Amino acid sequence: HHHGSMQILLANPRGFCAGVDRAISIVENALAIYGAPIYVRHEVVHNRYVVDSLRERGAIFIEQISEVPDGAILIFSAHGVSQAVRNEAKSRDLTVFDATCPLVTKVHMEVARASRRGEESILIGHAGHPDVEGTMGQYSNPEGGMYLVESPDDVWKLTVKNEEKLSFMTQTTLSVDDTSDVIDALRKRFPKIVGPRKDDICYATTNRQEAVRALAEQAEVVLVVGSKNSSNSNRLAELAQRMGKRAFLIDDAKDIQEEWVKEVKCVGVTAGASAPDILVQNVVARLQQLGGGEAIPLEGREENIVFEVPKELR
């Protein structure tokens, strides 16, 4: 467990955010209260261990509301659903509980409010991601418009109907440094545009990036615990890599390759927002097998935010 060659450092904060803790408990609590099966639309969170653990408990993960039988209980995932998907669930004989992150619902509601006013909306976000369908699918007014931008270059190439009546929003897990450049480009291009002071990047995302930066100034190699389809986890690995360090996104301790830490003197470990602590604890045990000493957590920003389950799920 505890003395050896290679130092192990743990980023702070790392691992579960308020939204993911809430989402998991909505699924656990529905299973404990109503019994298996409970249907969840898509993975509740982008972590295969969390998804497999709930499956064991009796959660059924489906792709389409059309796979859910009448009379069932269905949960929307933490990443949110479009208005279409919600109405479709409303039209069916189903009890729905919604695990959408409150901080995502926040962004959904600003897109819906723009549609109602005929204002065009720009989302900063990555194409071909689940969170994006959800958020873009809050916009329904055909007089207006809804556009996705990924880069300052996309802002420069964008053409809009009425630059005078424009709003922007952003996904919640994006790279803070890269979103800042995009928003600077938007506000210069469109100085009357309205959006939030800074972005709609959530506190967990911002904190985990700040922590991985601090981590990555000290360690040669960075391990980010999270699944390949977790965009926040991926942003953490990428930050470290962009600081010139080898950085590995790993689902669990078994993905660790001895070469990655051969002759390494400081290895840093973090966890995306959907990765449970038992995964990190297993990584640390594996790193110790490989010569690591005691894991030292870095000092870090305190997080104190909690989102409660719906009262009917306590």
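The first residue of the sequence shown is number 1, and the count goes up from there.
Mean temperature factor over C-alpha atoms, higher-scoring stretch between 110 to 118 and 204 to 212
Averaged over C-alpha atoms, the B-factors run higher in 110 to 118.
Take the C-alpha B-factors listed in the entry for 86 to 94 and for 175 to 183, compute each mean, and give the stretch with the larger one.
It is 86 to 94 that shows the higher mean C-alpha B-factor.
Would you mind finding, among 154, 238, 199, 143, the residue with the largest C-alpha temperature factor in the entry?
Most elevated C-alpha B-factor of the set, per the entry: 143.
Highest Cα temperature factor in the entry, among the options 102, 226, 191, 80: which one is it?
Reading the PDB entry, the winner on C-alpha B-factor is 191.
Just say lowest, middle or highest third for the CA B-factor of residue 13 relative to the other modelled residues in its chain.
Residue 13: CA B-factor falls in the lowest third of its chain.
Thinking about Cα B factors across the chain, which third does residue 262 belong to?
Tercile = highest for this residue's CA B-factor.
Considering only modelled residues of the same chain, in which third does the CA B-factor of residue 276 rank: lowest, middle or highest?
CA B-factor rank for residue 276: lowest third.
Please rank the C-alpha B-factors of the chain's modelled residues and tell me whether residue 136 sits in the lowest, middle or highest third.
Residue 136: CA B-factor falls in the highest third of its chain.
Classify residue 300 as lowest, middle or highest third according to the C-alpha B-factor given in the PDB entry, relative to its own chain.
For residue 300, whose C-alpha B-factor we compare with every modelled residue in the chain, the answer is the highest third.
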